[PDB]
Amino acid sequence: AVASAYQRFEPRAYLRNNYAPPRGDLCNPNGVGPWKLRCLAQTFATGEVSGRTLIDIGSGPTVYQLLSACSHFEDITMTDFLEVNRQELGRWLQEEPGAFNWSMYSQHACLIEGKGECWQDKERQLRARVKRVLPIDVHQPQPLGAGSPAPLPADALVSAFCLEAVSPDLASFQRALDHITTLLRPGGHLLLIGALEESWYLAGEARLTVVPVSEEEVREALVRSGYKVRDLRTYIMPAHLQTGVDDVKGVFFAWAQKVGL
């Protein structure tokens, strides 16, 4: 019944808590922001993660996780359980009033990538390759998609801070991973980012209870679901980034392959 708590989820508060200074201050190279974008950028740059269709699971109200991705997939589908979030994304996609400002992130993605691209072009490219924002539920064996417009099976998947924040225990976690994995073409690639050893995090009046997982638990989970773990890294949270919006201990990044056998 996490969903019950997620009913009170405030997008603007979530964004403010996790993507605005200090955590949203990309100037310092030792912060999470740089780190996250760096993991994402290096991965796609290897050129091994490519295709036509890609799906972002539990996008929430954020778009940074697709910044380096849009360069490699022409059809991008973003998703999220809450309508509030799908709407918050819409504001940015259609450049509506009050949309969130992702400039710092677009810019840094451009710096790390090194193609001399300007942030305006990357944002316009991402906006262009995002075809639709679909509701989803990782708890359903068929992720809230009876007959979804989304091209299946997607060529790749990306998920940031979703699974561990929507499942109450390690098993819900494991099963949810199984659910989304079905959406992925064999030989496909998964890019997973999430909290390490986190039990709660706020979001306005919403106070989410979550499953504290370790790098090892994540690895085992990926393996159980049939992935070869291509790359798995962890960022330990510095004291200055440890605010009162949660109790994260670190952030992990995983690059996995749906092993076709």
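The term rigid core refers to the most C-alpha atoms you can superpose between the two forms while keeping them within 1.5 Å. One rule holds for the numbers: they count along the sequence shown, beginning at 1.
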Practice task
Report the stretch with the higher root mean square CA deviation, pooled over structures and residues in 9 other deposited structures of this protein, choosing between 84 to 92 and 97 to 105 after a rigid core fit.
Solution key: 97 to 105
Completion exercise
Of the two stretches 69 to 77 and 142 to 150, CA positions deviate more in 9 other deposited structures of this protein after rigid core alignment for 142 to 150
Fill in the blank from the handout: Averaging the C-alpha temperature factors as deposited, the higher value of 146 to 154 versus 118 to 126 falls on 146 to 154
Practice task
For the higher mean C-alpha B factor in the entry, choose 51 to 59 or 196 to 204.
Solution key: 51 to 59
Fill in the blank from the handout: Max C-alpha B-factor within the set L191, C162, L184, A109 falls on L184
Practice task
Sort the modelled residues of this chain by their C-alpha B factor and say whether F73 lands in the lowest, middle or highest third.
Solution key: highest
Fill in the blank from the handout: Chain-relative C-alpha B factor for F81 (record values, thirds): the highest
Problem - Third of chain Cα B-factors occupied by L170 - result: middle
Fill in the blank from the handout: Tertile call for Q42 (CA temperature factor, within chain, third-based) is the middle
Completion exercise
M104: CA B-factor among chain residues, third -> lowest
